[PDB]
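Peer 1: One structure, pasted below without further comment.
Protein chains: 2
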Amino acid sequence: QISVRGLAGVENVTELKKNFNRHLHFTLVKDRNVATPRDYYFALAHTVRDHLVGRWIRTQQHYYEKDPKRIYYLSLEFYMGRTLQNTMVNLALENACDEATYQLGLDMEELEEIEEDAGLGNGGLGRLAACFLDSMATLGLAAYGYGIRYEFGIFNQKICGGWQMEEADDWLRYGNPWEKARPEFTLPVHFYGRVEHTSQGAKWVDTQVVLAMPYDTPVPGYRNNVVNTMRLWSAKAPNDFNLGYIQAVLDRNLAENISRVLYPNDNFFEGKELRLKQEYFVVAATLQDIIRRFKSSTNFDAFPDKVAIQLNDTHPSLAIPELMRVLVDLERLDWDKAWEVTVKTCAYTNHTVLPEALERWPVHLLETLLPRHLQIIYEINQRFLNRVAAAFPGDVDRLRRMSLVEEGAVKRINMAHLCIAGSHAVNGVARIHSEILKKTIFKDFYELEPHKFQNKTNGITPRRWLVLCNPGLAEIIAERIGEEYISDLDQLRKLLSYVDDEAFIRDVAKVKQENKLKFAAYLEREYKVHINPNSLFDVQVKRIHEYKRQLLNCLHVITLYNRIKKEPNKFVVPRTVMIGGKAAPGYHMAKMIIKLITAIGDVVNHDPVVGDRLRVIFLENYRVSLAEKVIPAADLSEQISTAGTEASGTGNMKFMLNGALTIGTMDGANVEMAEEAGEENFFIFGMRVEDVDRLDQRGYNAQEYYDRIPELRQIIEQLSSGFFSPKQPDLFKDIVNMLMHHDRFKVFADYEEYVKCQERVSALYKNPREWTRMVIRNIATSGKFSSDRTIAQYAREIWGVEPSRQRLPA
Amino acid sequence: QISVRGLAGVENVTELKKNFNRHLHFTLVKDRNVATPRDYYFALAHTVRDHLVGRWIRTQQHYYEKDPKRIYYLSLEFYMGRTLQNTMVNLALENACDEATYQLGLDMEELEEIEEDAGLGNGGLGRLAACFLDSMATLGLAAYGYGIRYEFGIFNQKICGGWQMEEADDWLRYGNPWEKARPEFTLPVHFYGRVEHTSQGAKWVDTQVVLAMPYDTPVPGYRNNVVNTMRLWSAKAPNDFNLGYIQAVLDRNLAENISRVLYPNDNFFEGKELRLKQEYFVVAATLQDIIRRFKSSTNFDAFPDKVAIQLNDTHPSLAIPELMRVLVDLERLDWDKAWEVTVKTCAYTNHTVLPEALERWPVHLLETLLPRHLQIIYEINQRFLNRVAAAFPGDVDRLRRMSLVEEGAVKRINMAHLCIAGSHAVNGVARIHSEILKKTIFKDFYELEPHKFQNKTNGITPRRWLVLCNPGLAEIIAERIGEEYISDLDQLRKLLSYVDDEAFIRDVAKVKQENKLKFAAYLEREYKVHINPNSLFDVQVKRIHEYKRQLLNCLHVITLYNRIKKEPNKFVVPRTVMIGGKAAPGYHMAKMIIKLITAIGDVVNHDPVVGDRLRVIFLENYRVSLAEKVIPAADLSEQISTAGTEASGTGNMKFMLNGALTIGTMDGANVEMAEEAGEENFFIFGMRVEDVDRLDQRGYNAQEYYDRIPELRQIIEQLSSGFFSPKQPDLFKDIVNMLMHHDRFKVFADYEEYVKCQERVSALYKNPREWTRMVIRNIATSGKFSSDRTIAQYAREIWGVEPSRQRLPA
Ligand SMILES: C#Cc1cn([C@@H]2O[C@H](CO)[C@@H](O)[C@H](O)[C@H]2O)c(=O)[nH]c1=O
Ligand SMILES: C#Cc1cn([C@@H]2O[C@H](CO)[C@@H](O)[C@H](O)[C@H]2O)c(=O)[nH]c1=O
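These protein sequence lines are chains A and A', in that order. A prime marks a further copy of an entry chain.
Quick note on numbering: the first sequence equals residues 12 to 254, 261 to 314, 324 to 836 in PDB author numbering.
Quick note on numbering: the second sequence equals residues 12 to 254, 261 to 314, 324 to 836 in PDB author numbering.
If you want it as structure tokens, here you go:
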């Protein structure tokens with residue numbers, strides 16, 4: 012039907028239909044009289060999976076003949092979402108499958124909705140690892156993602172009486188057609204034990220053993236016939252485990274618990290033993306697999331020429347002392363040579379400067395769990411601090427700031443300091459975030475080794491985040507400029523010549539309106555919720571966290587409502603304010619923010635005086651597949667973190683690519699986006715990083731703002747006196763207290779500029795044609811934010827390998 | 012190659028090869044350069060499985076159109092062994108697969124050895140359920156076996172320093188190609204809670220819920236295109252389970274533990290809570306599935331016309347009060363009508379008279395776990411005892427003997443009494459065992475309801491237990507009489523006309539010698555063990571239990587050794603004495619017996635004076651696939667339980683069918699076997715049941731035998747003084763003590779007749795031609811012991827349905 016969806020050849024369509032019927036019979040053991048839509052989903056998934064396999068085997072065979080340098084991306088998170096449509100997109104099968112299933116009397120979109128998300132991540136750091144895998148495959152790199160196959164991913168969020176409830180995300184319940192278990196490549200991982208010193212060096216003994224069993228999932232490049240591997244480890248007890262006979266068998270659960278469940282905190286460190294086991298487990302299994310693959314290519327000098335390991339934040343930072351352990355204890359390399367190899371192999375990406383998000387593990391934990399790694403870490407530390415001492419003689423304070431060991435209450439290991447010492451490259455994830463690292467938290471390290479520090483601004487894949495979720499837009503774009511932009515997103519610049527083209531203006535706006543109607547209807551079907559699709563769709567979707575300032579958005583919504591109640595018969599641009607995202611289970615403030623949002627909707631949505639001029643909707647269970655629906659439907663993207671706190675953001679990029687305009691602070695990647703599109707085509711407001719620093723030197727006093735802004739004082743008194751909670755007038759006193767006395771994120775300080783910037787958005791929205799022309803200028807300069815650009819810079823500037831756009835043979 | 016293995020058609024062979032290559036590529040995602048023999052096994056299994064599926068769908072469709080009465084066989088055990096060769100046998104695919112794999116350069120026998128046994132049973136009661144499923148399918152009955160999918164089956168037994176060690180049987184580790192998960196038919200099962208009485212009757216509330224998820228395994232009939240279903244339940248937590262968030266997710270293991278592991282006690286009751294949960298779980302899930310299937314055929327009068335439920339011992343006896351619960355509480359039938367339906371639906375098979383093997387559950391357990399079922403059981407009891415009182419007025423002792431509630435220390439429920447009250451038919455499993463039930467433990471019930479009591483002598487399937495494991499013998503038989511005997515085992519009688527036929531005599535003995543060489547070599551390959559294949563293969567294989575009297579066998583072995591040491595230069599018929607079987611983990615006496623056996627082998631096998639005239643081998647890890655190898659190789663079958671204690675035995679039947687002669691007591695089915703072949707063609711010795719009773723009245727005094735039999739006293743002094751345990755002279759004092767002071771099974775009493783009967787066996791073995799003619803007379807009268815005969819009598823005499831040998835269309 013639409014051209015970017017590929018060819019529906021007579022031969023291909025006939026083949027698909029017969030393979031579909033074959034899997035329904037032989038794989039699912041069903042016939043058409045008894046098959047449910049779920050059976051039909053599976054028959055289609057197995058049919059599409061069959062097309063991957065030849066390419067998968069051929070790709071891994073090619074890497075074996077050519078022996079290129081291999082890239083290993085280690086992450087505790089891979090937030091993959093659904094796989095069926097993505098695989099059709101990259102194989103150019105979408106129109107053929109659509110034709111084939113329509114001929115069998117099925118609606119392929121209905122079947123797509125049955126697939127569970129693979130929710131193996133929390134938010135932007137896990138989704139970044141997913142876009143990156145897609146980009147590495149599209150650029151033909153010999154790349155493997157390594158992680159943990161969690162049996163339960165991020166929880167499903169239900170809202171009850173306006174509060175978040177969590178329920179287990181049992182995503183494997185019906186099976187997962189995309190993974191292949193590889194029980195034959197199972198590997199042991201050791202925990203506890205003790206260290207013995209021999210004349211022959213150290214030996215780690217009396218350990219408990221857990222087995223790591225791999226499951227491989229294919230990752231197709233965009234039409235290049237490349238299929239790389241995502242290898243995820245599952246924990247298994249050994250068979251003589253303990254071996261009541263009955264209790265000994267039931268206790269095998271203790272081992273297997275390692276891979277049971279994703280820790281749901283995001284941008285917040287919890288120093289729990291089970292989380293540390295998961296970190297060491299992924300690292301110990303992955304490095305044996307790497308060294309094995311390297312040996313089947324004695325001489326470890328060539329290791330860094332044949333291997334790169336990229337650490338996704340500090341979560342796999344144990345790779346560094348584990349590599350040393352293997353090289354020194356097992357392979358008997360001397361320390362200095364082992365260290366040289368390690369540093370040249372590893373690189374570290376940082377994704378935060380929030381102090382609560384930094385991993386600092388108690389020494390007593392590492393001592394019991396990983397006694398040999400703590401000894402290695404002490405030694406790394408001693409030699410590193412001898413280099414600091416030589417470079418800055420007498421600077422005893424620098425010695426204590428830079429140490430890997432933090433002195434104090436409980437001694438801890440600063441995992442970020444360890445990564446910087448044992449990596450040849452450290453990067454931040456947006457230009458302002460990388461500059462902040464050099465000037466504040468890693469300033470001492472930068473002074474020591476300036477050449478290690480780099481920037482790699484984040485990106486998103488344009489396959490998932492345009493072609494897949496917004497085919498209407500990808501299509502009016504390809505009509506004018508062809509299809510090559512899908513893997514060369516810079517070509518979108520050519521659209522700047524269409525900014526005054528009347529046909530284009532109208533098509534861009536027609537596509538948005540269609541996305542809006544489709545999403546308005548999804549809301550009613552799947553949630554009985556009623557919206558005006560003519561309203562401006564004002565959307566803030568991301569994890570709930572105080573730094574993201576969903577609370578500033580709430581204050582704006584209450585101001586708009588109060589203004590209406592004051593002058594009811596005045597005209598206002600109608601809005602649908604949608605806010606969604608999950609809160610970590612013990613992050614009390616974040617759960618209270620969810621409750622506030624729904625409590626506002628309760629008042630605002632049933633006030634007859636408002637009518638349909640204002641609606642506040644909490645979008646439940648926000649996750650990758652929900653992103654794919656709401657993002658194409660949005661007009662306005664809320665990116666309103668306090669300057670200096672959103673390291674990059676990526677949701678911001680998705681919205682820009684999909685024809686929403688952005689209201690935001692000069693934070694993270696928002697700075698580079700404004701610079702690409704021009705500041706006149708973005709709605710920037712609020713303190714810059716400099717302004718935040720100046721307010722901190724003086725002292726932030728929220729009372730000052732409350733005293734000087736009568737619209738703000740009114741909202742606070744409404745919150746305090748029970749206006750939004752009539753049956754429990756003091757429900758929101760923790761929120762008021764925090765805003766009044768300990769707001770780390772200065773919500774009041776940005777309030778006036780934010781409300782005034784929102785009036786400018788409403789003014790532009792009144793003029794459809796100039797709103798759309800500014801939209802065009804955003805889409806057209808979104809090219810820099812493709813993850814293919816990001817990954818080509820990692821390849822060239824960190825990994826030392828060349829991307830490639832050439833097809834492997836079909 | 013051999014004719015009972017079917018046709019190797021050019022078309023069929025070409026098809027198999029291409030389907031094999033297809034599964035290797037698309038299913039296993041491998042190519043020939045990297046595939047291991049395990050990959051090859053799986054590609055062949057998937058290829059054979061594909062031939063089942065059309066027949067499976069067609070069979071279940073046929074039962075839906077025809078609506079026959081359905082038979083439900085409820086067992087906690089299905090001891091299935093391997094499936095690949097069995098499926099080839101019943102589909103007539105064996106020679107074609109053999110040809111196909113040979114053409115691909117593979118040895119199909121080597122691939123067969125890779126498959127794990129499905130070890131979902133302990134011994135004869137679980138294996139009986141497996142032979143029965145095969146027979147129900149071959150006779151075309153609409154039959155479903157229902158059980159539990161244990162994640163760990165019976166443990167793997169290793170021997171270390173002569174002691175049994177147990178290790179977990181992780182049989183699912185590589186996946187199971189034969190099962191299909193059916194997550195869409197998942198059902199809730201309730202535990203704990205409390206009972207509320209309403210005006211509308213009773214209600215069971217505040218329960219914890221566990222989900223039962225079914226996995227279906229196909230069960231092919233012998234060349235009739237029938238494929239029935241074995242449906243096994245797996246335990247799953249619900250998703251809001253509890254729902261630390263992390264602890265709540267990890268605690269889902271508590272629910273799932275129900276289906277984790279098979280209880281490894283056999284013929285011994287352990288009253289553990291987890292075992293009771295497993296019993297109720299299988300029963301509650303199965304009956305909802307039955308009632309569902311019955312409704313999709324309001325009027326429960328026709329329920330017994332459309333449903334039979336067969337209870338395999340008392341393990342699923344909760345079916346009776348669960349059926350009442352459903353009918354009374356949920357369907358609102360009145361009690362009397364519900365009771366009529368129940369009794370007409372259920373039938374109970376007993377498999378023991380050992381008091382330690384009878385289930386008697388503590389009331390306090392049922393009270394907490396299943397409060398409504400205990401109330402139902404009290405009510406059943408009260409009404410049943412009102413009928414006893416009316417029939418035997420004033421007989422207060424009869425009232426207390428017959429009650430379902432046993433008074434005492436802890437009140438218990440006698441589950442056997444409940445089964446008899448709520449079933450229309452009770453059967454024992456061999457004629458002497460059924461007579462014993464009527465005369466001793468169920469005598470009171472028989473007097474009340476004589477018409478309930480029946481016999482159904484056990485049998486074994488001739489597909490697994492002749493065609494599959496002994497193709498050489500099935501082939502020389504089919505040459506003379508054709509192939510029809512495979513599903514009409516009575517036809518073996520025709521072989522009696524070949525008893526003096528010289529060609530036949532020689533072929534029967536050639537087949538045995540070949541089985542013996544093949545097994546001698548298996549011992550060296552897989553176990554470095556060295557045997558004389560010219561020796562008489564004297565084999566005792568079965569679970570270790572005092573009633574089976576592996577100890578009597580040991581005494582005979584020590585007597586033979588002592589006789590050799592006394593007259594070393596005398597001629598003796600050389601023997602290989604093989605004993606194997608598993609001991610339950612806390613059955614201390616049984617583990618000591620294993621240690622004794624290996625300790626005897628240690629002495630006997632390295633005494634140079636013995637040479638290779640005597641060898642004692644402990645066969646490790648005895649299980650269905652090991653049975654299939656040793657049984658065709660045996661000359662002499664040891665069936666030596668104390669008269670009145672082996673309810674039937676089935677291993678005895680396997681050996682008879684495979685050309686071993688039997689030495690045995692007049693116990694269980696041995697009585698009917700001797701009667702079929704003629705007593706002159708069996709080696710019967712020892713007390714009859716009558717002799718055992720007479721000795722019990724007088725009092726058994728083992729000292730008397732020790733005092734009067736100098737060969738027996740010598741063995742005892744050897745045991746006591748440390749002859750078989752030099753480094754720990756008192757290792758065996760518990761065994762001596764038991765034999766001397768508390769032998770429930772009278773091992774000494776049968777000792778003299780046993781040793782003398784063994785001299786007669788050795789005398790016959792000296793004359794190959796008359797040994798073989800007596801072999802022929804055994805094989806030829808083994809027909810009655812086919813499970814098709816057993817199942818045709820259940821069908822006609824209990825279930826009220828007619829067997830059928832007709833093919834469904836291909
Ligand atoms: C440490 C750390 C973390 C960083 N990020 C996100 O990582 C994303 C990809 O770099 C950034 O765009 C975003 O600014 C940042 O908050 C997370 O989503 N979770 C974290 O725990
Ligand atoms: C109760 C009970 C049991 C009975 N049988 C066996 O059940 C077999 C099949 O009926 C009999 O042949 C054999 O004599 C008997 O011991 C078992 O193997 N285990 C038991 O727990």
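Ideal Cβ positions, reconstructed from N, Cα and C, are used throughout, including at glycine.
What does A/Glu178 pair with, by DSSP beta-bridge criteria?
Peer 2: For the purposes of this step, residue 178 of chain A is taken as residue 167 along the first sequence, with counting starting at 1. Paired residue(s): A/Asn167.
Peer 1: Using a C-beta to C-beta distance shorter than 7 Å, which residues of chain A count as neighbours of A'/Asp42?
Peer 2: In the second sequence, residue 42 of chain A' corresponds to position 31, counting from 1. Within 7 Å Cβ-Cβ: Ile68.
Peer 1: Residues in its own chain within less than 6 Å of A/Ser86 by CB, not counting five upstream and five downstream?
Peer 2: Counting from one through the first sequence, the residue named residue 86 of chain A turns up at place 75. Correct list, in chain order: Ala140, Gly158 and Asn338.
Peer 1: Between A/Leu581 and A'/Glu393, what straight-line distance do the alpha-carbon atoms span, to the nearest angstrom?
Peer 2: On the first sequence, residue 581 of chain A is found 555 positions in, with the first residue counted as 1. On the second sequence, residue 393 of chain A' is found 367 positions in, with the first residue counted as 1. Spanning the two alpha carbons is a distance of roughly 57 Å.
Peer 1: How big is the Cα-Cα spacing for A/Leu474 and A/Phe311?
Peer 2: On the first sequence, residue 474 of chain A is found 448 positions in, with the first residue counted as 1. On the first sequence, residue 311 of chain A is found 294 positions in, with the first residue counted as 1. Each residue's Cα considered, the two are about 33 Å apart.
Peer 1: What does DSSP give as the partner residues of A/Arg205 in its beta bridges?
Peer 2: By 1-based counting over the first sequence, the position of residue 205 of chain A is 194. In the DSSP output, where bridge partners are listed per residue, A/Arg205 has A/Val216.
Peer 1: Check distances from the C-beta atoms of the segment 266-282 of chain A' to those of chain A and list, in chain order, the residues that come in under 8 Å.
Peer 2: Taking 8 Å as the Cβ-Cβ cut-off against chain A, the residues of the segment 266-282 of chain A' that qualify are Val266, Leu267, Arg269, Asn270, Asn274, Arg277, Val278, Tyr280 and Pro281.
Peer 1: Which residues in the same chain have their Cβ closer than 6 Å to the Cβ of A/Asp638, if we skip the five residues on either side of it in sequence?
Peer 2: Looking up residue 638 of chain A in the first sequence gives position 612. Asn558.
Peer 1: Just to confirm before moving on: does the CB-CB distance between A/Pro225 and A/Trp244 stay below 8 Å?
Peer 2: For the purposes of this step, residue 225 of chain A is taken as residue 214 along the first sequence, with counting starting at 1. For the purposes of this step, residue 244 of chain A is taken as residue 233 along the first sequence, with counting starting at 1. In contact: A/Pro225 and A/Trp244 (Cβ atoms closer than 8 Å).
Peer 1: Kindly examine ligand 1 and report whether one of its heavy atoms sits closer than 7 Å to the Cβ of A/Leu102.
Peer 2: Sequence index remark: in the first sequence, residue 102 of chain A carries index 91 (1-based). No; taking the cut-off as 7 Å, the Cβ of A/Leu102 has no heavy atom of ligand 1 nearer than that.
Peer 1: Should A'/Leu522 be labelled buried (16 or more other beta-carbon atoms within 10 Å of its own) or exposed?
Peer 2: The residue labelled residue 522 of chain A' in the question sits at position 496 within the second sequence. Burial call: exposed.
Peer 1: Taking 7 Å as the cut-off, is the beta-carbon of A'/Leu391 closer than that to any non-hydrogen atom of ligand 2?
Peer 2: Looking up residue 391 of chain A' in the second sequence gives position 365. No, the beta carbon of A'/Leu391 sits no closer than 7 Å to any heavy atom of ligand 2.
Peer 1: Does any C-beta atom of chain A' lie closer than 8 Å to the C-beta of A/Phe37?
Peer 2: On the first sequence, residue 37 of chain A is found 26 positions in, with the first residue counted as 1. For A/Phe37, the answer is yes, since a Cβ of chain A' falls inside 8 Å of its Cβ.
Peer 1: First and last residue of the alpha helix (DSSP H) that includes A'/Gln665?
Peer 2: On the second sequence, residue 665 of chain A' is found 639 positions in, with the first residue counted as 1. It is not in any alpha helix (DSSP H) - A'/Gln665 instead sits in the beta strand (DSSP E) that spans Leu662 to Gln665.
Peer 1: Between A/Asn804, A/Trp491 and A/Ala19, which has its C-alpha nearest A/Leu104's C-alpha?
Peer 2: One-based indexing of the first sequence puts residue 104 of chain A at position 93. Among A/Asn804, A/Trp491 and A/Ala19, the Cα nearest to that of A/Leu104 belongs to A/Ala19.
Peer 1: Within 10 Å of its beta-carbon, does A'/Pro488 have 16 or more other beta-carbons around it, so buried, or fewer, so exposed?
Peer 2: Residue mapping note: residue 488 of chain A' aligns to position 462 of the second sequence, counting from 1. By the 10 Å Cβ count, A'/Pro488 comes out buried.
Peer 1: Put A'/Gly685 into one of helix, strand or coil per three-state DSSP.
Peer 2: As a position in the second sequence, residue 685 of chain A' is number 659, starting the count at 1. In the structure shown, A'/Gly685 sits in coil (DSSP, three-state: anything other than H, G, I, E or B).
Peer 1: Can you find a C-beta in chain A that's less than 8 Å from the C-beta of A'/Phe163?
Peer 2: What you label residue 163 of chain A' is simply residue 152 of the second sequence in a count that begins at 1. Yes, A'/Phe163 lies at the interface with chain A (some Cβ there is under 8 Å from its Cβ).
Peer 1: Using 8 Å as the threshold, is the C-beta distance between A'/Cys372 and A'/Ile335 below it?
Peer 2: Numbered from 1 along the second sequence, position 346 holds the residue referred to as residue 372 of chain A'. Numbered from 1 along the second sequence, position 309 holds the residue referred to as residue 335 of chain A'. For A'/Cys372 and A'/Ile335, yes; Cβs fall inside 8 Å.
Peer 1: My output table needs one value for A/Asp470: the three-state DSSP class, helix, strand or coil.
Peer 2: The residue labelled residue 470 of chain A in the question sits at position 444 within the first sequence. A/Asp470 falls in the helix class under three-state DSSP.
Peer 1: Does at least one heavy atom of ligand 1 sit under 7 Å from the Cβ of A/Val455?
Peer 2: Walking along the first sequence from the start, residue 455 of chain A turns up at place 429. The answer is yes for A/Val455.
Peer 1: Under a CB-based cut-off of 8 Å, is A/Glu195 close to chain A'?
Peer 2: As a first step, residue 195 of chain A must be located in the first sequence, where it is residue number 184. Judged by the 8 Å Cβ criterion, A/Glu195 is in contact with chain A'.
Peer 1: Return the bridge partner residues of A'/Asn239 from the DSSP annotation.
Peer 2: Position 228 of the second sequence, counting from 1, holds the residue named residue 239 of chain A'. The partner list for A'/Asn239 (beta bridge, DSSP) reads A'/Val230.
Peer 1: Distance check for A/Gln576 and residue 257 of chain A, CA to CA, integer angstroms please.
Peer 2: No atoms are given for residue 257 of chain A, which sits in the stretch of chain A between 254 and 261 that the model skips.
Peer 1: Give the single residue among A/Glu405, A/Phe31 and A/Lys41 whose Cα lies nearest to the Cα of A/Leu117.
Peer 2: Position 106 of the first sequence holds residue 117 of chain A. It is A/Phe31 whose Cα lies nearest to the Cα of A/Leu117.
Peer 1: What are the residues in the segment 43-66 of chain A lying within 8 Å of chain A' by C-beta distance?
Peer 2: Taking 8 Å as the Cβ-Cβ cut-off against chain A', the residues of the segment 43-66 of chain A that qualify are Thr47, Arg49, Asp61, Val64 and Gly65.
Peer 1: Please give me, in chain order, every unbroken run of the alpha helix (DSSP H) with length at least 4 that falls completely inside the segment 396-432 of chain A'.
Peer 2: List check, alpha helix (DSSP H) in window: 397-417 and 422-428.
Peer 1: Distance check for A'/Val367 and A'/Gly137, CA to CA, integer angstroms please.
Peer 2: Counting from 1 along the second sequence, the entry for residue 137 of chain A' is found at position 126. Counting from 1 along the second sequence, the entry for residue 367 of chain A' is found at position 341. Distance between the alpha carbons of A'/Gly137 and A'/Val367: 28 Å.
Peer 1: For a contact defined as C-beta to C-beta under 7 Å, what are the partners of A/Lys28 on chain A'?
Peer 2: Sequence index remark: in the first sequence, residue 28 of chain A carries index 17 (1-based). Under the 7 Å cutoff, chain A' gives no residues; its nearest Cβ is about 17 Å from A/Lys28.
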